[PDB]
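One chain follows as structure tokens, the form deposited in one PDB entry.
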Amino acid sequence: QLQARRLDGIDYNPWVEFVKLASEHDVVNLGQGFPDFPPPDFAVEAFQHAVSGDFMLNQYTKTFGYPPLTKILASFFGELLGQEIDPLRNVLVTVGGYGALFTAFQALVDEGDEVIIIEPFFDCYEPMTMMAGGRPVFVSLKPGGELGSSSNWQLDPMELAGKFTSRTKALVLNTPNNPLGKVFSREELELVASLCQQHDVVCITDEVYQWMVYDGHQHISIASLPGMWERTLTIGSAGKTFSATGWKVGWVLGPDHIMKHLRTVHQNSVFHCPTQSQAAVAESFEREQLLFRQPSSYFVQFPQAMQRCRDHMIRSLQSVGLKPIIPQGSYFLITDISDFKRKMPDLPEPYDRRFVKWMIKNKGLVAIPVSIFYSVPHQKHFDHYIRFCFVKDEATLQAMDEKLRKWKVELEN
């Protein structure tokens, strides 16, 4: 005792141990999920205009979000979703997409409620479900020349339909997917959409990477699917949108009859979000609406630039025998290390975690074992994947190449 019950089990964070080993050794870091280059000019300038503009911006703003920010969000994503969005009832600014999730979990998930989670998942889905008193129900994506694609990682309609029960309160969908990089097709979404409707289940859709799409694929918001607006909470992140993760500004879009409860959580937790950062994000969105689908917009330019970095890393990793799975989205790609697993199983606990450590110590490269994105039971079978982030400065990628090339020489001498 002398502590809360909801903190049971959820106290351990696997992310940290790797950060500890990484600092100790000289390494090229590809495990970090943030860009190591500056945000675009208009984004940085917008923040400078907020701190050097009206002095009244240094004080409290309205509780459910800076009104200019809520307005642009409503009108911009309104068009995109093809939906009438009321900036008061349908929008809520949160402390990043992380806070957005938390707000949603606390508002809807109760004691003994079930939450369907798709593996591999953004790891925080499980603790947040547990802390909310609910119990996570996991459904697994099945993995699919020499290279794999994130598109052929299938969602078996059987196993999914079987997981739905009368206790199922919510389904958490993350697209584009972290860590896999999978972008969900209309077929897959309509499957989820119809199952949620049939079982009367709320769908929390994590779309923080909706702008990071490659190879002509387009992001499809499940909230725009027929009759799904009534049941979905759409989450986005300003940090991942404008490559400014240290801003920690997020938002949730949904119907009033659901949003009202998230508002309750909000004003009984943080009440306010920082005023200036909201104004910066508000300004940045105004420009992107003005330049929408135009070749000089950041939403067109940045994914193309990052797709180039994606393509780079994929071939670079191939040169050492790692088999990457080509992502259609997100900041990340994962690589299969099965070949390393059989040719080198004697590593000094799921295998990929041992592999990453060995790679940090001996090769000077940092990746993330996908094990931590899987539920503890399923960690036995999916112990042979690791995650790289290709959203890095070109210098970082060049440093990676040198390390990768020394790896050849290490094997060749």
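Heads up, when I say rigid core I mean the largest set of C-alphas that superpose within 1.5 Å between the two forms. Residues carry their position along the shown sequence, with the first being 1.
- In none of the other PDB entries of this protein that model the residues around it does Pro143 lack coordinates, well short of a third.
- The deposited sequence places no unmodelled residues between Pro377 and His378, so the chain runs continuously there.
- Per the record, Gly144 and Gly145 are separated by a gap of 4 to 9 residues from the deposited sequence that were not modelled.
- Mean CA B-factor, 100-108 versus 146-154: the higher value falls on 146-154.
- 314-322 and 123-131 differ in mean CA B-factor, and the higher of the two is recorded for 314-322.
- Each of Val44, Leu69, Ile360, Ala50 has a CA temperature factor in the record; the biggest one is found at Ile360.
- You'll see in the entry that, of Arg186, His272, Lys182, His261, the Cα B factor peaks at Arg186.
- Placement of the Cα temperature factor of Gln198 within the chain: highest third of the modelled residues, per the deposited record.
- When the modelled residues of the chain are ordered by C-alpha B-factor, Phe292 sits in the middle third.
- Placement of the Cα temperature factor of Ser371 within the chain: middle third of the modelled residues, per the deposited record.
- In the PDB entry, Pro176 places in the lowest third of its chain by CA B-factor.
- When the CA B factors of the chain's modelled residues are split into thirds, the value for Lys248 lands in the lowest one.
Although not depicted, the form deposited in another entry is the subject of the following passage.
- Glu17: CA moves 2 Å or more between the shown form and the other one after rigid-core fitting.
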